[PDB]
Structure formats: structure tokens, C-alpha cells
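When reading the values below, keep in mind they use all heavy atoms of this one structure, side chains included, and skip hydrogens, waters and symmetry mates. Just follow the structure's listing: the first ligand is 1, and inside any ligand the first atom is 1. Just so it is clear: chains get the letters A, B, ... in the order the sequence lines come, proteins before strands, and each one is counted from 1.
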Amino acid sequence: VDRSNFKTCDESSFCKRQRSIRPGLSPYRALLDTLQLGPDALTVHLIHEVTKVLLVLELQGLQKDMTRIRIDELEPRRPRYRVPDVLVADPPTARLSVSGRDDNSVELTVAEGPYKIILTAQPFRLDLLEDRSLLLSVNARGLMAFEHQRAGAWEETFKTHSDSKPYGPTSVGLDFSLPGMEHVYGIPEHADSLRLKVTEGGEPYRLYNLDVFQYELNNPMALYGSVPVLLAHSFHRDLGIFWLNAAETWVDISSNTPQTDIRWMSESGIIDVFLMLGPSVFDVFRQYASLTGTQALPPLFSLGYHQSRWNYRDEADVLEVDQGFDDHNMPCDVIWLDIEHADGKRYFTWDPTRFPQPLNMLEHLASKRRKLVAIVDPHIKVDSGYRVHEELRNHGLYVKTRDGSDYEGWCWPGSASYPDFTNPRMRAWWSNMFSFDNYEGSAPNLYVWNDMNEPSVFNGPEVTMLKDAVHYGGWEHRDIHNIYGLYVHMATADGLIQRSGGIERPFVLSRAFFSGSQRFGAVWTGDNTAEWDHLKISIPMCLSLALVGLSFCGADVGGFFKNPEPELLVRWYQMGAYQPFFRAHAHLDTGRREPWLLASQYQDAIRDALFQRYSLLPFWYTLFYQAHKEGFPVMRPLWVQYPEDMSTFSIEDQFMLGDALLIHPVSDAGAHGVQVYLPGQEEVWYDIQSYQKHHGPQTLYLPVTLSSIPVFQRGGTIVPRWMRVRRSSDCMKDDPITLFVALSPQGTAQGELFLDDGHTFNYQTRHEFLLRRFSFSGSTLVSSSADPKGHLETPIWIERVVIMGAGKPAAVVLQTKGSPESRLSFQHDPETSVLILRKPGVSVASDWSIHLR
Amino acid sequence: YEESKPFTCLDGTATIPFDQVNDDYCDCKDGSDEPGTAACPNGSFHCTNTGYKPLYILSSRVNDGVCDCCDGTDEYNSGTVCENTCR
Ligand SMILES: N[C@H]1C[C@](O)(CO)[C@@H](O)[C@H](O)[C@H]1O
Ligand SMILES: [Ca+2]
Ligand SMILES: [Ca+2]
């Protein structure tokens, strides 16, 4: 990477000003005479002791044990930016009450307790407590900074780029103290460890959506997306901070009886922060989800395997890749078309030589029951023969410069303009452009990839747009930067919905993202490299996205840059097989690495990884349904399941899928084995390949070969699988289920299963779905409804039950409503204590119970 | 009266009752008990292809919604109606 292209904090004038303020006595003071306790909020004036600037603090208690702090100028010259469209609703407030008062202090109670907020007047300070336990302090180190709008702090240059900065210094900043917290997580995206590092001896973590060519590992440089959410975990509690600001933001983290301090510094906008008080991390998940929404339920096919590269050259190449999967017995749902499929990178078009008949290509793919993804970027070639550019120019929908002309930068088609996606009129235009009459050559099995939406501008400062470009409503680009990509993602997803009459669920991959991006589809970690350390870092990077609500995450399988050695590609397939978004992708200058081009031993190990992923699709689908309804991450750090095991607080070579599967992919060339930490007091874990049972807590040395994927099922869980692997997920979605029951030491287990048609909103608009609960206790396995509202016509039935940790029964008896009592044959392996129940034959929609005698 | 006999997997191994042939559950380790279903992972389905050359396909491609045999007989209960194209 070329670091000189990207500002350090010292080269960012507002970061330099803010960071030079060091912990000390704050000059800010609350004027308790101005205190007003309102219907929704408490409002009280603040004053800078030296400058006499007057600010308004708006303090709110919120339902679900959250607090919102907003600070703005009392009499501003012009309005400051408040982030729109990220919050799904106006958060329901709780009533505040003055329950104590001093000459320098006011104590507030949220509703009837137990949460209390202590406002200190001089110096300004806020403390949040549960009863009398101190949870969090605000401005405890006096780092609050609010540059009021006055009449490199003004005109500023970086390299050759000039920022006219017509409003001067307007940055805002605030610090937070977390007593008892030593481990913090989140604020993606950074190619760094899951547990965030202290920033004292170096750079703060930067949040600014940037296109970083050949980015490197273990550093705090800003990458393509920015989610200003930080989680703090201890043995005792979990907390979250949500800094709702869309401008360039730097985050300092400092340690100190143990206590972590957090400081946010943003270039403009107001101070708008949510404090999510837990106490458990799943409470924090719920609290954040109520604010910014939940993961959009992916259409089933998008959880299969995606085959991509830059570029498949023509229709014949696409069809040859499609046929190669079938000729080599490898499942695949989607083939991707990168930017060379269009006419000279004019998006929504097709190359007239290499893609002359897109409808026919899509028809051949539909006949294989596969899908296609086409890339559509938000930069529009300046070209009077290009209808998209002409309509956007004639309707004034482009981002503009200060002189009123449309902004023009450089990107893939050369000189390009940038639609103002912050303008709702532009988003409605963009959405309508995806209709089958407007996007000629598209079809219902074509989905979309949004790339370069930071936005990437090849000739712009830090390879993005000028700070003083002007958007809808007069706002500057510095005000809105980090939600530009989100708006592209949003407008694309809405277009795929509307083109179907509102019936089909969308699938959109996006590179840039913000808080709330989980509502619109998937993201990925951008342009990684075919190297073993990039394979390793895909876990903490996607783990950091999962913790802040973006569950549909992945990394380019095999690495984007360079050519992976066959052993590395095998390990990346095994790694990607157990990560949410599962796509192989590659740079223009790489060798072809479709999986059947390798020697047979590597092919076989890759095929085995693909088969495992496809068999687990009912499990992945259910985890994503739970994410969609509750806001719980699919891919989880071990400390989410074991909040009191302090030895898991930093683990990032292991992860869990839901609460049932623990994964430790091999991530070293020539490895002879791995060290697998199996946590949990009185917990047992089953090696899903050997069925060998293991008690926790322990660090197990597991020998591995090329085809090994170290995966363990937790006792007390039930995992559903489609053991009939077919060529795509559409082919499998009516097939029978096999249930894998891992018995706890108490002989119990539980699990869920979600089913629907696989691709429409009928689950929500018509309640056409099934949510089953499977529970085992004593010697009886019972299927019941976990949501009675859900009904679905489906041929899916239970063809097999595999029970781990069971003794040989004397007889097996099946009972279901509407049927006589039935007897089942079975197989029992005394060495492994594995019980296989043959062909139960019961509908998945029916209540039933199996009894082992 | 006199009854009838059972089925033995072509790999020796085991012998199953005759009602477990093509009962949509895999009982033979070689897949030989399900020549007409998608139940076995290692089974094969025979396209007679009476108007052309016969063909074997994977059991996983029986009733997958995709036309694999030119005579269309691999899709008999999938919702995909395959036309005869052996010509
Ligand atoms: N670098 C961008 C652009 C790209 O090279 C072609 O559009 C694509 O292949 C990458 O995945 C994306 O990250
Ligand atoms: Ca059978
Ligand atoms: Ca078929």
C-alpha cells in the first residue's frame, strides 16, 4: 500500500486540532437554571467557559435500557448535519425524573429505575448507573470539543488537492470512560485484530470509506466501510457505543480498577451518541437492532457458493464455467460478471460482441437453476451517447461542485460523474432503472453487485470525492461521506424488489457500508491478497462486522490479488465454506482458478468443502432468520457464547456459527494439526467427522490432513442438514432433512428450523413459512411449532435422525398426529455411541415425537 | 400360498427387504437399492434414451428440476416437464 496517499491524523487538520486537546479540566459547564425536563428529553444549556459559546444538551432515556446524548449549537449560523435514514424509527423514549439535586449536580431516574443519570454542572460530566453501580462516564477526561460555526482550519490542501472549506472548523468530539472494561471490539472496517488495540503510541482508528489499493494487515487505516459502533465486554457486563455521525471520524482507545477510555472525533455534524447498557451482549444486539434494524433475510441461493472473477470474457465462457461445475460434480448457485461485461464500463449495458444475447445466457442459467450477478457501479461515464448519463444530467441528479456544475472525476470508464444518492429523487430514479424494461437484457435470475461506492474517484483526494462537493439540500460531501455507499446499496436493493412488483427478496453485494447496511444485503472485505495471513484475517474482520449487525460478510476466496498456491486455495475454500458470504473472486491478471483446474487431490478437498456448505444450508438459513428477527449475529466470537471465560476474549482463529458449531479452519501451510480450544464448564463437543466426544474446557490438539476442516458440534444442540447435495440450492429446497442431535451430558438438546419458499417476502406478507422447534429430553425427540402463525405447503420430510452420545435402544417408536404409532429401524455404533434412526418419513410441517425404548 | 424373496446389494454387504428398493431412502453402501430415486449419494440413474444412445447420470440429478436425459425420464416428479429431444 502507498500510505502517503492517505492522511494520517496529523495530516487531517480537524484530527490534529482535536487530538492536541489532552485529558484535563473541561471548560464546558451546564447552566442548571436552563434545565427543562420535557416530554421526550431533558434539555439544558452548556457554555464554554472561555469562549462563551452556548450549546444545547438533549438527554434522553430510551426504552430497552438505552440513553441518547445529542449536543448542538444553541444559535447556529447554519444548521448542522443530523444523520438521516440510518435509524429505522424514532426511538421510543422513557420518562426522565429529577430524583436528586445539588448546587453542582442533578440526578435523573429513567422511568422507575434502576437506571440513573447524574449530570454534573461544573465541569460538565455525565455518569450512567444501574442502581448505584457506575456503568459509564461521559467527558470524564474533559476531552469534549465542539467547534462552533464561525462567520489548515479553513482553506486546506493535501498533496495536489484543495478543500475550499467554506464553513471553517466545525469538528466535534467527546470521550467515554468504561470502568471494568479491558476488551473493546467493533468500528469496522480495519484489517486488524478482533480485539481493538490502544491507540496511544500511534494512530487512532479511522472511519472514512476509502478505496485502499493493496491494503496491508494489522494497521488502523480506514478501509471501504465504516460502522461507528464499539462494544465493550467484561466478565460482569456488556456495553455498546453508537456514534451516529456520517463524517470522517477518528477513534482513540486508551487503557488505565481496569478501565478503557474511548474518544470519537468527527469533522462535522452534531454530537449524537447512543449508550446501549446491556447487561448481556445479546441485550446490546437487541438494543442496536431496535435502532438500525436487522439483517435482511437473504434469498436462499445467495447463501450457496458464488463463482466469480475479473472477468469471464463472454457468454460462452460463462456457460463453460456453468458446465464445468456439473462435469466435475461441484455445486454452485451464482456466476458473477465483473466490469468487462458492460459496454466500456457504461453500467446497465452489455458488450455488443461478447454479451450480445444476455436474455439467452440467463435462460440457459435458469435451466440449470442457477443465478447471475452483474456489477453496477455508481459512477456514470460522461458520454452524450450514454442514456443514463444524459437523463441524470438533464434532471440535475449529479453531485455538484460549488460553482453549480456537475462534479466530474475519473474512474473505470474514464471521466465520470457521480449521482447524488443522498437525494431521494436520485434513489427513486436508480430503483426504477432496474425494471426489466429499463435494464434491457436483465431477468429475474440476475442480481446486482455495487462496487466502488465509497465513492472511489481515481483522481480525487485519498481516491475519493472532494470534501467541498455539494449534495441535496446544500450539504457538503464532508457531511455525508460515510452513508453515500449505504444509499447506493439501499437504492439498488429497492430496485430489485420493485422490478418484481414487490414480491422477490433482493440480493446486493456492496463494498462500502455504514450503520444500517445490514438491511440491504451483503458486504465483503474488498481487495485482499492470496497470502496465508490474509486468509487468517478474514475471521476477525468478519467477526468485527458481525458484532455490529452486518452478518452477511465474507472475503474473496483465494485472495483477490496474486495467484494462490493450490494448498492455500484448498484452505481458503474450507474457510469460506463456513463463512456467511461465500464467493471466490480474482484479479484481472491472475491465472484461472475455477476449482476443477487443480490436481485431483486438491479438487477432492474443495468438492468436500462445497458439499459440507450445501448440506448445512438449512442451518445457515435458520441462523439468518434468527438474525433477521432478533438481530443476533450468525458468525460469533467465542466470547459471545462464553462471556465469563476470559481466555476467549481475544480468540480470532476460531469462531462459532450460532450456538451449535465451533470452527477452527487450518490456516497454515503444511500444518500437521491445530490447537482447538473447546470452552464451557461441563460442556461436551462432538468432532462432526469422527463423532469423538470431548469435554470442555480444554485445548485439543487435532491432527489434520489436506481435506480436514476442524468442526465441532456443541452438546445440547440439533443441526438440520440436506444430505442430498445437488448442483444448486434451488434443486435442493424441497428435499428431506436429516437432524443431527448432539446430546448434552444431561441427555438433552434443542434446535430450530426455518423454511419458506426461498426467495419471496411471502414469509412476512402471508405468513407462509415454518418455524419448527426440535427438542430432546429423556429418551424422546419432539418436533413442535416455534411460531404458530407460520404455515407452508412443502414436501420436505424428515428422512433421517443422527444422535451423538446415545446408547443402543431396545425399540424406536414414532408418533405423529393423524398417523398410527410407527416403529423405526435403527443402527447403533457402540464405539462412537452414534444412533441413526432410519427414515422417520414424517412431514416437516407435522408435530411428531420419536421415543427410544 | 407361497411368498417372495428379498434384495441384496450388488456389493454383497447387506440384504434388505424388497419394499426398500426405490423407497427414497438409501440402504446400500453402493447405492444399488435406489436406481430410480435421488436417495443415494453414490447411485446412478439410467436414461434408456430409446431414440439415441443410453446414458447414466448421478442420482443427485433425479428430479432436480433440470433436464439431464434427452428422453426426460430423470424428471418425473419435480415440476419441470422435460421434452424428448434425443433427435
Ligand atoms: N477493485 C474493485 C474493482 C474490480 O477490480 C473490478 O470492478 C473488482 O474485481 C474488485 O472486486 C473491486 O474491489
Ligand atoms: Ca432403500
Ligand atoms: Ca435432472
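Nearest N/O/S atom of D33(B) with respect to the Ca ion (ligand 2) is recorded as OD2. Restricting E34(B) to its N/O/S atoms, the shortest distance to the Ca ion (ligand 2) is reached by OE2. Counting just the N/O/S atoms of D68(B), the one with the shortest distance to the Ca ion (ligand 3) is named OD2. Of all N/O/S atoms in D27(B), OD2 sits nearest the Ca ion (ligand 2). Minimum-distance N/O/S atom of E75(B) relative to the Ca ion (ligand 3): OE2. Nearest N/O/S atom of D23(B) with respect to the Ca ion (ligand 2) is recorded as OD1. The N, O or S atom of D74(B) with the smallest distance to the Ca ion (ligand 3) is OD2. Taking the Ca ion (ligand 3) as reference, the nearest N/O/S atom within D64(B) carries the name OD1.
Both cation-pi conditions hold for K371(A) and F301(A): the charged atom is under 6.0 angstrom from the six-membered ring centre and inside a 45 degree cone around its axis.
Considering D451(A), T525(A), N453(A) in turn, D451(A) is the only one that fulfils the side chain to side chain donor-acceptor pair (under 3.5 Å) rule with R511(A). When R724(A), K839(A), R800(A) are each tested for a salt bridge (charged side-chain N to carboxylate O under 4.0 Å, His left out) with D24(B), only one passes: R724(A). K562(A) pairs with exactly one of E531(A), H587(A), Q214(A) by the side chain to side chain donor-acceptor pair (under 3.5 Å) rule, that one being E531(A).
When distances to the Ca ion (ligand 3) are checked against a cut-off of 3.0 Å, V66(B) contributes an N, O or S atom below that limit. The Ca ion (ligand 2) has no N, O or S atom of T37(B) closer than 3.0 Å. Residue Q20(B): an N/O/S atom is found under 3.0 Å from the Ca ion (ligand 2). Among the atoms of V62(B), no N, O or S atom is found under 3.0 Å from the Ca ion (ligand 3).
Using a 4.5 Å heavy-atom cutoff, the side chains of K381(A) and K345(A) are not in contact. Considering only heavy atoms from C-beta on, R721(A) stays 4.5 Å or farther from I737(A) through its side chain. Counting heavy atoms from C-beta outward, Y614(A) and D333(A) have side chains that approach closer than 4.5 Å. Under the 4.5 Å side-chain criterion, counting only non-hydrogen atoms from C-beta, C69(B) is in contact with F45(B).
A donor-acceptor pair is defined here as one N or O able to donate and one able to accept, closer than 3.5 Å; such a pair exists between the side chain of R309(A) and the backbone of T590(A).
Taking a 6.0 Å sphere around CD of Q827(A), one finds it holds 12 or fewer heavy atoms contributed by other residues, nucleotides or ligands.
For a disulfide, the SG atoms of both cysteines must be under 2.5 angstrom apart; this holds for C67(B) and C82(B). Under the 2.5 Å SG-SG cutoff, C542(A) and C553(A) qualify as a close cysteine pair.
The immediate protein surroundings of ligand 1, defined as residues with any heavy atom under 4.0 Å of it, consist of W310(A), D338(A), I339(A), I375(A), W412(A), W449(A), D451(A), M452(A), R511(A), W524(A), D527(A), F560(A), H585(A).
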